[PDB]
Amino acid sequence: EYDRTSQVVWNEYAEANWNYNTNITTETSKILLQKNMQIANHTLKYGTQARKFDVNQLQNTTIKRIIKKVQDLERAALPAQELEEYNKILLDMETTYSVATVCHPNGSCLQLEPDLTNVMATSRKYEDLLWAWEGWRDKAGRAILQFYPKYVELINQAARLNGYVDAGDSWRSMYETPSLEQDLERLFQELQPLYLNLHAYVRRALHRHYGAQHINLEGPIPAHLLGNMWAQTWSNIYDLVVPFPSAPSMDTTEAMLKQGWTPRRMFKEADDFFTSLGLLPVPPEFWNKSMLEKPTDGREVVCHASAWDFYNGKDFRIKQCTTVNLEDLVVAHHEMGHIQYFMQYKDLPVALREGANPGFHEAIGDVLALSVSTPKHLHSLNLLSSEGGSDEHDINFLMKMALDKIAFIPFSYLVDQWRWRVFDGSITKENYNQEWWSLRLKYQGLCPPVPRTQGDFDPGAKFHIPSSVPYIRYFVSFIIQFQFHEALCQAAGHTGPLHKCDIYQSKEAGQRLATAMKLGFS
Amino acid sequence: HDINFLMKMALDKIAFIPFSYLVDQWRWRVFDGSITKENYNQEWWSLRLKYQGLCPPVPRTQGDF
Amino acid sequence: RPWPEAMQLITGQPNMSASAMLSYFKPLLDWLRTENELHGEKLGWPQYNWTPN
Ligand SMILES: *[C@@H]1O[C@H](CO)[C@@H](O[C@@H]2O[C@H](CO)[C@@H](O)[C@H](O)[C@H]2NC(C)=O)[C@H](O)[C@H]1NC(C)=O
Ligand SMILES: *[C@@H]1O[C@H](CO)[C@@H](O)[C@H](O)[C@H]1NC(C)=O
Ligand SMILES: *[C@@H]1O[C@H](CO)[C@@H](O)[C@H](O)[C@H]1NC(C)=O
C-alpha cells in the first residue's frame with residue numbers, strides 16, 4: 001500500500017517541483033506549498049502507521065529495510081505549529097538567498113549565478129574581487145542569520161522526536177556507518193600531503209602575481225583570491241598557475257564554438273558515450289520533453305539545482321543549463337550519470353529508490369566525466385590533443401584536473417564538519433561565524449581578506465547551508481569516484497599511466513558497474 | 001565597601017575559573033590526538049578567545065608554543 | 001569512599017552545584033549589570049577577529 005500511494009503522491013510532488021522550477025510564478029509557489037503540506041500529511045500518516053509495527057522481531061530483509069527506513073518521520077514529527085514554522089523558515093531562507101543580489105548603490109546591480117561568480121572567475125583585480133566577495137558574504141549571510149538559529153533549533157527538535165541526537169546522527173545515519181567520522185578524518189589525513197603541496201604551489205603563484213603586500217610566502221592565502229565565491233574548487237582558471245606554458249596544451253574554449261555545439265547535440269554526445277559504455281539508453285522523449293537551454297524570458301530557474309526524477313518510471317529530466325563551456329561538459333556528464341543512476345533501479349520499490357549512499361550518486365555521475373576529460377578521449381572527440389605522447393602535456397593536464405577534485409576535499413569536509421559541530425550544540429550562537437573561519441584556517445589554508453566580525457554569518461554564502469543539504473555527500477564522492485575509476489580501468493585490460501587511462505566501449509566495465517549500482521539501497 | 005571587597009574577590013576567583021576550565025580542556029584535546037603537532041599554538045589561542053576572551057597581543061606564529 | 005558521599009557530608013547534596021557562587025556574588029552581579037546598562041555597553045566580544053597590532 002505504501003508503494004502504491006507513494007508512487008502517485010511523489011509523482012505529483014515532482015511534477016509540481018518541475019512546474020515551479022521552469023515556470024516560477026505565484027501560482028507555482030502556492031501549488032508547491034499546499035502539495036508540500038499534502039505530502040507532509042501523507043508521510044506523517046504512513047510513518048505513524050509504520051510505528052505500530054516492529055522491525056526487529058520481523059524475519060525478513062527487504063520489508064525490514066523498508067519499515068526501518070519509513071520509521072522516521074523526518075520533518076513531519078513536529079506538531080502543527082512547529083512544523084509550519086520550520087517549513088516557513090526554510091522557504092523564507094531559500095527565497096531570501098536565491099533573490100539576494102548585492103550591488104553598488106549607483107544603480108547597476110548583479111545577480112549571483114549569472115554574473116558575480118563569472119565576474120570574479122574572469123577578473124584579476126584585487127579591489128574588484130574583494131568588493132564582490134565582501135558584498136555577497138555580507139548581504140547573504142546577514143540576511144540568513146536572522147532565521148538560521150530558529151532553523152537549527154527546529155531541526156534539532158525534529159531529530160530528537162525522530163529518535164536521533166541533535167540532527168547530527170540523523171544526517172550521519174544515511175551512510176549506516178557508526179565510525180563515519182573517524183574514517184573521514186583518516187581519509188583527510190591521508191590526503192593531507194598532496195593537498196599541502198598543491199596549496200604551497202598555489203601560494204607561490206599567487207605571491208608571484210599579486211606581489212607581497214597582499215599574499216606573502218608564509219601565511220594562508222586569502223579566501224577571495226582564488227577564483228570562486230567560496231574557493232571550493234579554486235583556480236579552475238589556471239592561467240596564473242600554469243607550470244610551464246606548452247605548445248600542445250589544450251585550449252578547449254574554441255573547440256565548441258566554430259562547430260556550433262548546441263547544448264542539445266552535446267547532451268546527445270554524452271548520451272552516446274554513455275550508451276557506448278554499455279548501459280541502457282535514456283528513453284527518447286527526454287530530448288523533446290525537457291529543457292536544457294537558455295529561456296525566452298528573464299525568469300528561467302532557481303540559481304542552481306540538480307537532476308529531477310518524477311519516480312513514475314517515464315520522466316528523467318535534467319534542469320541544468322550553463323550556456324556553452326568546457327565545464328558545461330563536465331556538469332552535463334555529471335547530470336547524465338546521476339539521471340542514469342536514477343533510472344537504473346526503476347524495477348526496485350520506490351521506498352528503496354534513493355541510491356546505495358548519497359555519495360555514490362555523485363560518484364557514478366562524475367566517474368564518466370573523469371574518464372572523458374582525459375586528453376585521449378578529447379582527441380577522439382572534436383579535439384587534437386597530445387594525449388600521452390608528451391609528458392609535459394600530461395603533467396599540465398594533471399595540474400588542471402587536480403585543481404579540481406583536490407582543494408575541494410578540504411572544503412567538502414569542512415562544511416559538514418562545521419554543520420555537525422553547530423547541530424550537536426558544541427557551537428553556541430554567539431560565535432556562529434568564528435568557528436567557521438577557524439576551520440577555514442585549519443582544514444583549508446584560507447584566511448579572511450577583511451576582519452570578519454561577529455554579525456557576518458559568512459557560512460550564509462553557500463547555497464547548501466540554508467537549503468539543508470548534507471554537503472559531505474560530495475566529499476565521499478570526491479574520494480570514492482577515483483577509487484571507482486581504477487576498478488573500471490582494470491576492465492580495460494591495461495593500467496600503465498592510470499592518470500591518462502580512458503573508458504570507451506568497455507562492455508565488461510559497464511556490466512560490472514550495472515550489476516552493483518542496480519542494487520540501490522536494498 | 002561591600003562592592004569594593006566583592007570586586008576584589010571576583011577578580012581573584014571568577015577571572016580564574018575560565019583559565020582553569022581552559023588549560024585542561026586544551027590538554028585533553030592534545031592528548032587524544034585531535035591537535036597533532038602542526039598547530040599547537042593556534043588551538044590554544046582559539047580556545048583562549050572562545051572561553052576567556054583574550055587575544056594575542058602580537059601575532060603568535062607556529063613554532064612558539 | 002567515593003566523592004559524592006563526602007560532598008554530601010560537607011553540604012548535603014551529592015552534586016556539584018554552581019548556585020553557591022551565583023548567590024555569593026549576587027550583589028556584585030546586580031550592581032555590575034546596572035552599571036553596564038547605565039554606561040551603555042554590550043557583553044561578549046563581537047569583534048573576535050581583533051588584535052591590537
Ligand atoms: C522478504 O524478502 C524477500 C527477498 O529477500 C521478498 O521477496 C521478493 O520481494 C519483492 C519486493 O521486495 C517482491 O516484488 C518479489 O515478488 C518477492 N519475491 C517473491 C518470489 O515473491 C519478500 O517479498 C519479502 N517478504 C515480504 C512479506 O514482502
Ligand atoms: C506558465 O505560467 C504562465 C503564467 O502566465 C501560464 O500562462 C502558462 O500556461 C504556464 N505554462 C504551462 C506549460 O502551464
Ligand atoms: C492533514 O491531516 C489533518 C488530520 O487532523 C487535517 O486536520 C488537515 O486538514 C490535513 N491537511 C491537509 C492539507 O489535508
# chains A, B, ... in the order shown; residues from 1 in each chain; ligands from 1

$ residues_around --residues "residue 46 (chain B)" --least-positions-apart "2" --cutoff "12 Å" --atoms "only C-alpha atoms" --output "short mmCIF file (atom, residue, chain, number, x, y, z; two decimals) with N, CA, C and O atoms, in the first residue's frame"
data_model
loop_
_atom_site.label_atom_id
_atom_site.label_comp_id
_atom_site.auth_asym_id
_atom_site.auth_seq_id
_atom_site.Cartn_x
_atom_site.Cartn_y
_atom_site.Cartn_z
N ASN A 431 29.13 32.88 18.56
CA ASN A 431 30.29 32.86 17.67
C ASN A 431 30.03 31.96 16.47
O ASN A 431 30.93 31.26 16.00
N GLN A 434 32.69 32.52 14.00
CA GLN A 434 34.10 32.41 14.35
C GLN A 434 34.65 31.03 14.03
O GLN A 434 35.65 30.89 13.32
N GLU A 435 33.98 29.98 14.51
CA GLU A 435 34.43 28.63 14.23
C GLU A 435 34.55 28.39 12.74
O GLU A 435 35.50 27.76 12.28
N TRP A 437 35.48 30.34 10.44
CA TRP A 437 36.77 30.79 9.95
C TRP A 437 37.91 29.98 10.56
O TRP A 437 38.90 29.72 9.87
N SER A 438 37.78 29.55 11.82
CA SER A 438 38.82 28.73 12.42
C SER A 438 39.01 27.45 11.63
O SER A 438 40.15 27.06 11.32
N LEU A 439 37.91 26.79 11.26
CA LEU A 439 38.01 25.63 10.38
C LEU A 439 38.64 26.01 9.05
O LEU A 439 39.47 25.26 8.51
N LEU A 441 40.88 28.03 8.65
CA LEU A 441 42.30 28.17 8.92
C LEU A 441 42.95 26.87 9.34
O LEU A 441 44.17 26.83 9.54
N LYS A 442 42.18 25.79 9.49
CA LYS A 442 42.70 24.52 9.98
C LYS A 442 42.65 23.42 8.93
O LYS A 442 43.68 22.83 8.61
N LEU B 22 39.99 26.06 30.91
CA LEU B 22 40.54 26.17 29.56
C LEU B 22 41.78 25.31 29.36
O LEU B 22 41.88 24.58 28.37
N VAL B 23 42.76 25.42 30.26
CA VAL B 23 44.05 24.78 30.00
C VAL B 23 43.91 23.26 29.99
O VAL B 23 44.48 22.58 29.13
N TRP B 26 42.29 22.14 26.74
CA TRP B 26 43.26 22.10 25.66
C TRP B 26 44.16 20.88 25.77
O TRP B 26 44.45 20.22 24.77
N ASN B 39 49.70 22.49 14.53
CA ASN B 39 49.09 23.65 15.17
C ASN B 39 48.88 23.35 16.66
O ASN B 39 47.80 22.94 17.07
N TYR B 40 49.93 23.57 17.45
CA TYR B 40 49.82 23.50 18.90
C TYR B 40 49.37 24.83 19.49
O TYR B 40 48.61 24.85 20.47
N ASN B 41 49.84 25.93 18.93
CA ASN B 41 49.53 27.24 19.49
C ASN B 41 48.19 27.77 18.99
O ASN B 41 47.50 28.48 19.72
N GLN B 42 47.82 27.46 17.74
CA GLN B 42 46.59 28.02 17.19
C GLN B 42 45.37 27.53 17.95
O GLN B 42 44.46 28.31 18.24
N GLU B 43 45.32 26.24 18.26
CA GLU B 43 44.19 25.72 19.02
C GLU B 43 44.15 26.33 20.41
O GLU B 43 43.07 26.66 20.92
N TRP B 44 45.31 26.50 21.04
CA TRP B 44 45.35 27.11 22.36
C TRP B 44 44.82 28.54 22.33
O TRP B 44 44.05 28.93 23.21
N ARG B 48 41.53 30.12 24.02
CA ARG B 48 41.60 31.32 24.86
C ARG B 48 40.54 32.33 24.45
O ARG B 48 39.82 32.88 25.29
N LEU B 49 40.43 32.60 23.15
CA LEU B 49 39.46 33.57 22.66
C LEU B 49 38.03 33.08 22.83
O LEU B 49 37.12 33.89 23.01
N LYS B 50 37.81 31.76 22.80
CA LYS B 50 36.46 31.24 22.96
C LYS B 50 35.99 31.31 24.41
O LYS B 50 34.86 31.71 24.68
N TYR B 51 36.86 30.92 25.35
CA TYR B 51 36.46 30.83 26.76
C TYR B 51 36.79 32.11 27.52
O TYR B 51 35.90 32.77 28.06
N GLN B 52 38.07 32.48 27.55
CA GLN B 52 38.49 33.60 28.37
C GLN B 52 38.38 34.94 27.66
O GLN B 52 38.42 35.98 28.33
N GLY B 53 38.23 34.95 26.34
CA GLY B 53 38.11 36.20 25.61
C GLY B 53 39.36 37.06 25.65
O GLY B 53 39.28 38.27 25.89
N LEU B 54 40.52 36.46 25.42
CA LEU B 54 41.78 37.18 25.33
C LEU B 54 42.39 36.96 23.95
O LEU B 54 42.25 35.90 23.34
N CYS B 55 43.09 37.98 23.47
CA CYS B 55 43.68 37.92 22.14
C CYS B 55 45.20 38.04 22.24
O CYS B 55 45.71 38.72 23.13
N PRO B 56 45.93 37.39 21.34
CA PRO B 56 47.39 37.50 21.34
C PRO B 56 47.82 38.93 21.03
O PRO B 56 47.51 39.45 19.95
N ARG B 60 51.08 35.49 17.04
CA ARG B 60 51.78 34.33 17.56
C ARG B 60 51.82 33.26 16.48
O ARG B 60 50.82 32.58 16.22
N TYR C 48 35.57 39.49 17.21
CA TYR C 48 36.52 38.47 17.65
C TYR C 48 37.82 38.48 16.85
O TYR C 48 38.88 38.13 17.38
N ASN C 49 37.76 38.88 15.58
CA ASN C 49 38.96 38.94 14.75
C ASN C 49 39.70 40.26 14.94
O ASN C 49 39.98 40.97 13.98
#

$ select_by_dssp --residues "chain C" --states "helix (DSSP H, G or I)" --output "count of residues only"
28

$ atom_distance --atom1 "CA of residue 508 (chain A)" --atom2 "CA of residue 369 (chain A)"
18.5 Å

$ residues_near_ligand --ligand "ligand 1" --cutoff "9 Å" --atoms "only C-alpha atoms and all ligand atoms" --output "list in words"
residues 59, 60, 61, 62, 63, 64, 66, 347, 348, 349 and 522 of chain A

$ residues_near_ligand --ligand "ligand 3" --cutoff "10 Å" --atoms "only C-alpha atoms and all ligand atoms" --output "list in words"
residues 33, 34, 35, 36, 37, 38, 39, 40, 41, 42, 44, 45 and 80 of chain A

$ atom_distance --atom1 "CA of residue 152 (chain A)" --atom2 "CA of residue 457 (chain A)"
13.9 Å

$ residues_near_ligand --ligand "ligand 2" --cutoff "12 Å" --atoms "only C-alpha atoms and all ligand atoms" --output "JSON, numbers by chain"
{"A": [15, 16, 18, 19, 20, 21, 22, 23, 24, 25, 26, 27, 28, 29, 289, 290, 291, 297, 299, 300]}

$ interface_residues --of "chain C" --to "chain B" --cutoff "10 Å" --atoms "only C-alpha atoms" --output "PyMOL selection string"
chain C and resi 21+24-29+31-32+44-45+48-53

$ write_last_selection --atoms "N, CA, C and O atoms" --output "CSV table (one decimal), in the first residue's frame"
chain,number,residue,atom,x,y,z
C,21,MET,N,28.2,29.9,44.0
C,21,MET,CA,28.9,31.0,43.5
C,21,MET,C,28.0,32.2,43.1
C,21,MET,O,28.3,33.3,43.4
C,24,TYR,N,26.7,33.8,46.1
C,24,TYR,CA,27.8,34.6,46.7
C,24,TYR,C,28.0,35.9,46.1
C,24,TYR,O,28.2,36.9,46.8
C,25,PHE,N,28.0,36.0,44.8
C,25,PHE,CA,28.3,37.2,44.0
C,25,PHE,C,27.1,38.0,43.6
C,25,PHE,O,27.2,38.9,42.7
C,26,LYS,N,25.9,37.6,44.1
C,26,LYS,CA,24.7,38.3,43.7
C,26,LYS,C,24.7,39.8,43.8
C,26,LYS,O,24.3,40.5,42.8
C,27,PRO,N,25.1,40.4,44.9
C,27,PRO,CA,25.1,41.9,45.0
C,27,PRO,C,26.1,42.5,44.0
C,27,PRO,O,25.7,43.5,43.3
C,28,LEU,N,27.3,41.9,43.8
C,28,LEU,CA,28.2,42.4,42.8
C,28,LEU,C,27.6,42.3,41.4
C,28,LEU,O,27.7,43.1,40.5
C,29,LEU,N,27.0,41.1,41.1
C,29,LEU,CA,26.4,40.8,39.8
C,29,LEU,C,25.4,41.8,39.5
C,29,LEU,O,25.3,42.4,38.4
C,31,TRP,N,24.9,44.9,40.8
C,31,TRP,CA,25.4,46.2,40.7
C,31,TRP,C,26.2,46.4,39.4
C,31,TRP,O,26.1,47.4,38.7
C,32,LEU,N,26.9,45.3,38.9
C,32,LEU,CA,27.7,45.4,37.7
C,32,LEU,C,26.8,45.4,36.5
C,32,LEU,O,27.0,46.1,35.5
C,44,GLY,N,30.1,40.3,25.8
C,44,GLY,CA,30.7,39.5,24.8
C,44,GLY,C,31.8,40.2,24.1
C,44,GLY,O,32.3,41.3,24.5
C,45,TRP,N,32.3,39.6,23.0
C,45,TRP,CA,33.4,40.2,22.2
C,45,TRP,C,33.0,40.1,20.7
C,45,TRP,O,33.5,39.2,20.0
C,48,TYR,N,35.6,39.5,17.2
C,48,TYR,CA,36.5,38.5,17.7
C,48,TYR,C,37.8,38.5,16.8
C,48,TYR,O,38.9,38.1,17.4
C,49,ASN,N,37.8,38.9,15.6
C,49,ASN,CA,39.0,38.9,14.8
C,49,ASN,C,39.7,40.3,14.9
C,49,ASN,O,40.0,41.0,14.0
C,50,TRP,N,40.0,40.6,16.2
C,50,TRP,CA,40.7,41.8,16.5
C,50,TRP,C,42.0,41.6,17.3
C,50,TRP,O,42.0,40.7,18.1
C,51,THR,N,43.0,42.3,16.9
C,51,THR,CA,44.3,42.2,17.6
C,51,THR,C,44.9,43.6,17.6
C,51,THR,O,44.8,44.4,16.6
C,52,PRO,N,45.4,44.1,18.8
C,52,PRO,CA,45.9,45.5,18.9
C,52,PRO,C,46.8,45.9,17.8
C,52,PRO,O,46.7,47.0,17.3
C,53,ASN,N,47.7,45.0,17.4
C,53,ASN,CA,48.7,45.4,16.3
C,53,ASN,C,48.8,44.2,15.3
C,53,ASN,O,47.9,43.9,14.5

$ atom_distance --atom1 "CA of residue 424 (chain A)" --atom2 "CA of residue 166 (chain A)"
5.0 Å

$ decode --residues "region 15-45 of chain C" --atoms "N, CA, C and O atoms" --output "PDB file, in the first residue's frame"
ATOM      1  N   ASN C  15      25.961  16.481  44.596  1.00  0.00           N
ATOM      2  CA  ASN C  15      26.109  17.046  43.264  1.00  0.00           C
ATOM      3  C   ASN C  15      26.988  18.284  43.338  1.00  0.00           C
ATOM      4  O   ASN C  15      26.995  19.000  44.342  1.00  0.00           O
ATOM      5  N   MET C  16      27.728  18.532  42.262  1.00  0.00           N
ATOM      6  CA  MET C  16      28.488  19.767  42.137  1.00  0.00           C
ATOM      7  C   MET C  16      27.538  20.882  41.723  1.00  0.00           C
ATOM      8  O   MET C  16      26.996  20.861  40.613  1.00  0.00           O
ATOM      9  N   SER C  17      27.323  21.844  42.613  1.00  0.00           N
ATOM     10  CA  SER C  17      26.376  22.925  42.387  1.00  0.00           C
ATOM     11  C   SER C  17      27.128  24.229  42.174  1.00  0.00           C
ATOM     12  O   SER C  17      28.033  24.563  42.945  1.00  0.00           O
ATOM     13  N   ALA C  18      26.758  24.954  41.125  1.00  0.00           N
ATOM     14  CA  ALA C  18      27.319  26.267  40.854  1.00  0.00           C
ATOM     15  C   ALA C  18      26.439  27.398  41.362  1.00  0.00           C
ATOM     16  O   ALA C  18      26.774  28.567  41.154  1.00  0.00           O
ATOM     17  N   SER C  19      25.322  27.078  42.019  1.00  0.00           N
ATOM     18  CA  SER C  19      24.444  28.118  42.540  1.00  0.00           C
ATOM     19  C   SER C  19      25.066  28.839  43.727  1.00  0.00           C
ATOM     20  O   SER C  19      24.719  29.994  44.000  1.00  0.00           O
ATOM     21  N   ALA C  20      25.974  28.175  44.446  1.00  0.00           N
ATOM     22  CA  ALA C  20      26.625  28.811  45.585  1.00  0.00           C
ATOM     23  C   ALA C  20      27.445  30.015  45.149  1.00  0.00           C
ATOM     24  O   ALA C  20      27.410  31.066  45.800  1.00  0.00           O
ATOM     25  N   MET C  21      28.185  29.886  44.048  1.00  0.00           N
ATOM     26  CA  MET C  21      28.931  31.024  43.523  1.00  0.00           C
ATOM     27  C   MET C  21      27.995  32.157  43.126  1.00  0.00           C
ATOM     28  O   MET C  21      28.269  33.329  43.411  1.00  0.00           O
ATOM     29  N   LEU C  22      26.885  31.826  42.465  1.00  0.00           N
ATOM     30  CA  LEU C  22      25.961  32.852  41.993  1.00  0.00           C
ATOM     31  C   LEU C  22      25.347  33.615  43.160  1.00  0.00           C
ATOM     32  O   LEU C  22      25.278  34.850  43.142  1.00  0.00           O
ATOM     33  N   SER C  23      24.902  32.894  44.192  1.00  0.00           N
ATOM     34  CA  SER C  23      24.351  33.555  45.369  1.00  0.00           C
ATOM     35  C   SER C  23      25.421  34.327  46.127  1.00  0.00           C
ATOM     36  O   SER C  23      25.123  35.350  46.753  1.00  0.00           O
ATOM     37  N   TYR C  24      26.665  33.848  46.089  1.00  0.00           N
ATOM     38  CA  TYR C  24      27.754  34.558  46.746  1.00  0.00           C
ATOM     39  C   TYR C  24      28.001  35.915  46.102  1.00  0.00           C
ATOM     40  O   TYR C  24      28.235  36.907  46.802  1.00  0.00           O
ATOM     41  N   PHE C  25      27.957  35.978  44.774  1.00  0.00           N
ATOM     42  CA  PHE C  25      28.291  37.184  44.032  1.00  0.00           C
ATOM     43  C   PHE C  25      27.061  37.963  43.587  1.00  0.00           C
ATOM     44  O   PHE C  25      27.181  38.855  42.741  1.00  0.00           O
ATOM     45  N   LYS C  26      25.887  37.645  44.134  1.00  0.00           N
ATOM     46  CA  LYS C  26      24.652  38.279  43.672  1.00  0.00           C
ATOM     47  C   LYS C  26      24.668  39.797  43.804  1.00  0.00           C
ATOM     48  O   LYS C  26      24.275  40.477  42.841  1.00  0.00           O
ATOM     49  N   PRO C  27      25.079  40.396  44.932  1.00  0.00           N
ATOM     50  CA  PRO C  27      25.119  41.869  44.979  1.00  0.00           C
ATOM     51  C   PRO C  27      26.051  42.481  43.950  1.00  0.00           C
ATOM     52  O   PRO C  27      25.673  43.451  43.276  1.00  0.00           O
ATOM     53  N   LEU C  28      27.261  41.935  43.803  1.00  0.00           N
ATOM     54  CA  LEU C  28      28.175  42.445  42.787  1.00  0.00           C
ATOM     55  C   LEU C  28      27.602  42.253  41.393  1.00  0.00           C
ATOM     56  O   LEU C  28      27.705  43.147  40.547  1.00  0.00           O
ATOM     57  N   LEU C  29      27.004  41.091  41.130  1.00  0.00           N
ATOM     58  CA  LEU C  29      26.437  40.832  39.812  1.00  0.00           C
ATOM     59  C   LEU C  29      25.352  41.850  39.479  1.00  0.00           C
ATOM     60  O   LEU C  29      25.333  42.419  38.380  1.00  0.00           O
ATOM     61  N   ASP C  30      24.457  42.112  40.433  1.00  0.00           N
ATOM     62  CA  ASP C  30      23.388  43.078  40.204  1.00  0.00           C
ATOM     63  C   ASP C  30      23.950  44.476  39.976  1.00  0.00           C
ATOM     64  O   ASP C  30      23.559  45.169  39.027  1.00  0.00           O
ATOM     65  N   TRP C  31      24.879  44.903  40.837  1.00  0.00           N
ATOM     66  CA  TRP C  31      25.443  46.240  40.692  1.00  0.00           C
ATOM     67  C   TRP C  31      26.158  46.388  39.360  1.00  0.00           C
ATOM     68  O   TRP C  31      26.070  47.435  38.708  1.00  0.00           O
ATOM     69  N   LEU C  32      26.875  45.348  38.938  1.00  0.00           N
ATOM     70  CA  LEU C  32      27.662  45.438  37.718  1.00  0.00           C
ATOM     71  C   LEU C  32      26.770  45.425  36.487  1.00  0.00           C
ATOM     72  O   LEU C  32      27.042  46.134  35.514  1.00  0.00           O
ATOM     73  N   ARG C  33      25.690  44.639  36.514  1.00  0.00           N
ATOM     74  CA  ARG C  33      24.719  44.711  35.428  1.00  0.00           C
ATOM     75  C   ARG C  33      24.107  46.101  35.338  1.00  0.00           C
ATOM     76  O   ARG C  33      23.974  46.661  34.241  1.00  0.00           O
ATOM     77  N   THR C  34      23.736  46.678  36.485  1.00  0.00           N
ATOM     78  CA  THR C  34      23.145  48.013  36.479  1.00  0.00           C
ATOM     79  C   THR C  34      24.122  49.040  35.917  1.00  0.00           C
ATOM     80  O   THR C  34      23.752  49.876  35.084  1.00  0.00           O
ATOM     81  N   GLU C  35      25.384  48.976  36.347  1.00  0.00           N
ATOM     82  CA  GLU C  35      26.387  49.910  35.848  1.00  0.00           C
ATOM     83  C   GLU C  35      26.630  49.718  34.356  1.00  0.00           C
ATOM     84  O   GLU C  35      26.814  50.695  33.622  1.00  0.00           O
ATOM     85  N   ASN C  36      26.640  48.467  33.890  1.00  0.00           N
ATOM     86  CA  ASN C  36      26.858  48.204  32.472  1.00  0.00           C
ATOM     87  C   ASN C  36      25.738  48.793  31.625  1.00  0.00           C
ATOM     88  O   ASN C  36      25.994  49.463  30.618  1.00  0.00           O
ATOM     89  N   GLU C  37      24.483  48.558  32.018  1.00  0.00           N
ATOM     90  CA  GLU C  37      23.380  49.131  31.252  1.00  0.00           C
ATOM     91  C   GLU C  37      23.350  50.650  31.357  1.00  0.00           C
ATOM     92  O   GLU C  37      22.951  51.325  30.401  1.00  0.00           O
ATOM     93  N   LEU C  38      23.764  51.208  32.497  1.00  0.00           N
ATOM     94  CA  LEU C  38      23.847  52.659  32.615  1.00  0.00           C
ATOM     95  C   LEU C  38      24.897  53.231  31.670  1.00  0.00           C
ATOM     96  O   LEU C  38      24.680  54.280  31.054  1.00  0.00           O
ATOM     97  N   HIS C  39      26.040  52.557  31.543  1.00  0.00           N
ATOM     98  CA  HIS C  39      27.111  53.037  30.681  1.00  0.00           C
ATOM     99  C   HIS C  39      26.894  52.689  29.215  1.00  0.00           C
ATOM    100  O   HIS C  39      27.664  53.153  28.367  1.00  0.00           O
ATOM    101  N   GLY C  40      25.879  51.890  28.899  1.00  0.00           N
ATOM    102  CA  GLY C  40      25.576  51.561  27.520  1.00  0.00           C
ATOM    103  C   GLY C  40      26.655  50.747  26.839  1.00  0.00           C
ATOM    104  O   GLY C  40      27.315  51.231  25.915  1.00  0.00           O
ATOM    105  N   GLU C  41      26.846  49.510  27.286  1.00  0.00           N
ATOM    106  CA  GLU C  41      27.850  48.627  26.716  1.00  0.00           C
ATOM    107  C   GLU C  41      27.248  47.253  26.463  1.00  0.00           C
ATOM    108  O   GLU C  41      26.277  46.845  27.105  1.00  0.00           O
ATOM    109  N   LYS C  42      27.848  46.544  25.515  1.00  0.00           N
ATOM    110  CA  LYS C  42      27.404  45.219  25.115  1.00  0.00           C
ATOM    111  C   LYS C  42      28.349  44.165  25.673  1.00  0.00           C
ATOM    112  O   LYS C  42      29.570  44.348  25.677  1.00  0.00           O
ATOM    113  N   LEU C  43      27.776  43.068  26.155  1.00  0.00           N
ATOM    114  CA  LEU C  43      28.577  41.965  26.652  1.00  0.00           C
ATOM    115  C   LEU C  43      29.268  41.258  25.489  1.00  0.00           C
ATOM    116  O   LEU C  43      29.092  41.601  24.317  1.00  0.00           O
ATOM    117  N   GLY C  44      30.067  40.257  25.822  1.00  0.00           N
ATOM    118  CA  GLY C  44      30.718  39.474  24.803  1.00  0.00           C
ATOM    119  C   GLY C  44      31.835  40.234  24.109  1.00  0.00           C
ATOM    120  O   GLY C  44      32.292  41.293  24.540  1.00  0.00           O
ATOM    121  N   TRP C  45      32.278  39.648  23.002  1.00  0.00           N
ATOM    122  CA  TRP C  45      33.352  40.204  22.180  1.00  0.00           C
ATOM    123  C   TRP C  45      32.966  40.064  20.714  1.00  0.00           C
ATOM    124  O   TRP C  45      33.521  39.236  19.984  1.00  0.00           O
TER     125      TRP C  45
END
